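Geometric and topological summary
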Amino acid sequence: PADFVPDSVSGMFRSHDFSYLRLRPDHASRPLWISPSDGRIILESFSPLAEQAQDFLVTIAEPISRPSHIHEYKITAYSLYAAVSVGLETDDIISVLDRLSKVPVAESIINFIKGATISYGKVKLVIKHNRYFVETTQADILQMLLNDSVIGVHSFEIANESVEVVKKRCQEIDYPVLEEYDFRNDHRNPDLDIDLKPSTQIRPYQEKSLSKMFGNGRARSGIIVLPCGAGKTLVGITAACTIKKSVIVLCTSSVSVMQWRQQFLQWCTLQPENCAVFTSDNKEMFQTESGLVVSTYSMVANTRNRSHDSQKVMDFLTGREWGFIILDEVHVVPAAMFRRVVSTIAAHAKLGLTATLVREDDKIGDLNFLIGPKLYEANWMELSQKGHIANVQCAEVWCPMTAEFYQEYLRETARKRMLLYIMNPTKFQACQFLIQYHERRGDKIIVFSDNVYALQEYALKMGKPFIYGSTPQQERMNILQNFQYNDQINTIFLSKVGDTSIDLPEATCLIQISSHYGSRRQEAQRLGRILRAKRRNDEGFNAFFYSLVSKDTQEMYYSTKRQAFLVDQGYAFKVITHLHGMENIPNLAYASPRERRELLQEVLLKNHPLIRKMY
Amino acid sequence: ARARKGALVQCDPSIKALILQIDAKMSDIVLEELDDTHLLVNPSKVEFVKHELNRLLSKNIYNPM
Ligand SMILES: Nc1ncnc2c1ncn2[C@@H]1O[C@H](COP(=O)(O)OP(=O)(O)O)[C@@H](O)[C@H]1O
Ligand code: BEF
Ligand SMILES: [Mg+2]
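What the entry reports as its method is cryo-EM, with 3.2 Å given for the resolution.

So this is what it looks like as structure tokens:
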């Protein structure tokens, strides 16, 4: 920026004007725009070299928003740390960026890249006989690391529990650690003979992710992000089958574990004898030399109370030196104590699988030193238009609260108004009309409701079953089987239990009457249930996702706060002010003011052996 | 035969209830209640109630950044 006259509108852009630079003669071909200050990258997806840049930008820069036409990525320290590991240097990155960038790279951007791209590849964490050794191929690194306050071909032991501390210290210091597993030369760990049967198929994006993971040929450790229903189970099975080493899978549910195992056996040639399921019901482990242990975070992170059989299982897990760990729904590992399992459990390779790499607190960044960087991400609309996933007409219904309940809304405290604006009659009436219309349309409907009282009230009012925490496994399985294969039943009322990690090929329509506040991750996880509909490829099909919200309430605040991730992905919600033909339905719930008053009062009122014979 | 200067506020039951709460805390706000959708208010307080009602409603609206 030298001898560049500002424009009269330059004031409106506070240090954001980028007109001080000139455009290259080949702008018509170069598709990239680079932000010299915020690090945001604008990608033209409708110009030559767009495909060549779409993957490199994903590798070096995190995606902010990727709508239909113009893609938006961003370069950050974590993204550069992830990129520098897979055979990528500043020289190559700058060469490609200059060849694809309409504008020259600024010296500030060059300095920022150089500062962070030259501090990797000097330390390696290895494990030998259940002992963690921080081996470094160079000795001169000692003169600074051992002299640092925290730390302390040469190898020294380190406490297993102190891994979570040493890794974060390594992030703070110049050199971060990389976890590479050369399973080809790893002979100490017994091998497991399981391979993918011919019936298996790998989708193009799955193959691309596997290529990005195994490009160099040595298995690294990290995180994989794919949309719900994309085939994360098959990705994990492929990773296990290609590594061919002892593996432990951690899943945050029991039904999820059951289907995990069922798909595991179906997709690969794993013998039943070599398979073990570690749940609350049965705790037996495979007696073969090598096998797989599928358990849950509750069964791996508990340290105070353990059964006798579960104590033997925990002793087995700790004594044996595992070779691979697969963390399903890894967004919960940075919790207060779930992060402790990473440090305590011994394993040479850690893979995390999650459709969302965000969480409410700031601990999301801790994943970098807990399990590693993110490897691959996949777009939603791209797969929707390519036929890999379904298309959804997301809609937001505005249900006006009636005056009788609103007058109490004004006076009631924060805790009571929550139930008040969730149990408004208008929502009941709209739900009944929509249920009748969609049942005539022959759609399989799921109604989610976090609130157990609201779920029970709706179920008892509509004569339909409800499922929540108190429901037993057998009963809920019976409900699912009948809702699937029985022609009489077409709609069910699920709850927070079935929010994630459940495969419902038949489910097509999704409705939300009660939501768990502003939880953006739960929004996407709930949407994931209907993304694998059986009839998701027939011409003209469009799944439906309804979100009922009361206007002029904080429910609108939370609703607009919980969809900021779907909007970023590309999904757009359509506001439905009115549903046509609602009055013609014969009967509507809570249609009379007398019943409205009765419900108002009800909801407001809601808040010596011989002396043994004596006794 | 009697005329009274004032401002007529036409709205829906919800806005009417909000105005009723505001008047209950400040009696001078609403001069009279005409119907479940109409209220007579003081001319001077119109410019203040509009701004204060916008501030109050800002809570129900999520404005990032
Ligand atoms: N490559 C594939 N070939 C066949 N079916 C696939 C493939 N990828 C995913 N699926 C199907 O997608 C559905 C969801 O798979 P799952 O592993 O449960 O996904 P996730 O764990 O990501 O929710 C299953 O019906 C599975 O068979
Ligand atoms: F993301 Be899946 F539904 F396990
Ligand atoms: Mg899954």
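Read on, since the account is not over.
1. Examining the sheet that holds strand β16 (residues 445-449) of chain A
All names here are of chain A. Taken together, the six strands give an open sheet; going across it, the order is β17-β16-β18-β19-β15-β20, and neighbouring strands pair in parallel fashion. The open sheet terminates on both sides in strands that have one partner only, identified here as β17 (491-493) and β20 (574-576). Across this sheet, the average inter-strand angle for adjacent strands is 20 degrees, counted without regard to direction. One ladder, built from three bridges, connects β16 with β17; its direction is parallel. Bridging across to β17, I446 finds its partner in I492. Set on the sheet, helix α17 (residues 425-440) makes contact with β15 (392-399), β16, β17, β18 (509-514) and β19 (543-550); between it and β19 the angle comes to about 165 degrees. Helix α21 (residues 554-561) rests against β15, β18 and β19 of the sheet, and its axis sits at about 145 degrees to β19.

2. Things to note about the interface of chain A and chain B
Contact with chain A, which involves twelve residues of that partner, is made by eleven residues of chain B. When chain A packs against chain B, the two sides together hide about 1,100 Å² of surface, and 62% of this comes from carbon and sulfur. The three residues of chain A that bury the most area against chain B are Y406, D552 and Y557 of chain A, which together make up 42% of that side's buried surface. In this assembly, chain A and chain B are joined by zero salt bridges. At the surface where chain A touches chain B, the tally comes to three residue pairs in polar contact. Those elements giving two or more residues to the side of chain A that touches chain B turn out to be α15 (403-411) and α21 of chain A. In terms of residue count, α21 of chain A provides more of the side of chain A that touches chain B than any other element does, five residues in total. Residue composition of the side of chain A that touches chain B, by class: six nonpolar, four polar and two charged.

3. A short note on the pattern of salt bridges
All names here are of chain A. If you walk through the whole model with that rule in mind, you get 27 salt bridges over all chains. When the shortest N-O distance is used, the salt bridge between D55 and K208 registers 3.9 Å. Residue class for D55 comes out partly exposed when judged on its relative accessible area of 32%. The class of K208 is partly exposed, set by a relative accessible area of 45%. For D366, the salt bridge is made with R339, and the minimal N-O distance between the two is 3.4 Å. Linking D366 in the loop between β13 (350-353) and α13 (367-370) with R339 in helix α12 (residues 338-344), this pair joins segments that are 27 residues apart in sequence. Taken together, the shared-partner salt bridges connect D38, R40 and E72 into one network.

The rules we used
Residues numbered from 1 in each chain as written, not as in the entry; some residues may be left out. Chains lettered and ligands numbered in written order. Part of a larger assembly, values for the part shown. Heavy atoms only, no water. Pairing = 2+ DSSP bridges. Helix = DSSP H or I, 4+ residues; strand = E, 2+ residues; numbered from the N terminus. Axes fitted to C-alpha atoms, helices over the stretch in contact; angles between N-to-C directions. Contact = heavy atoms within 4.5 Å. Buried area = accessible area lost by both parts, 1.4 Å probe. Salt bridge = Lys/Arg side-chain N within 4 Å of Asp/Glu carboxyl O. Polar contact = N/O pair within 3.5 Å; in protein donor to acceptor, adjacent residues only side chain to side chain. Nonpolar A, V, L, I, M, F, W, Y, C, P; charged D, E, K, R; others polar. Buried < 20%, exposed > 50% of the residue type's maximum accessible area, 1.4 Å probe, protein only.

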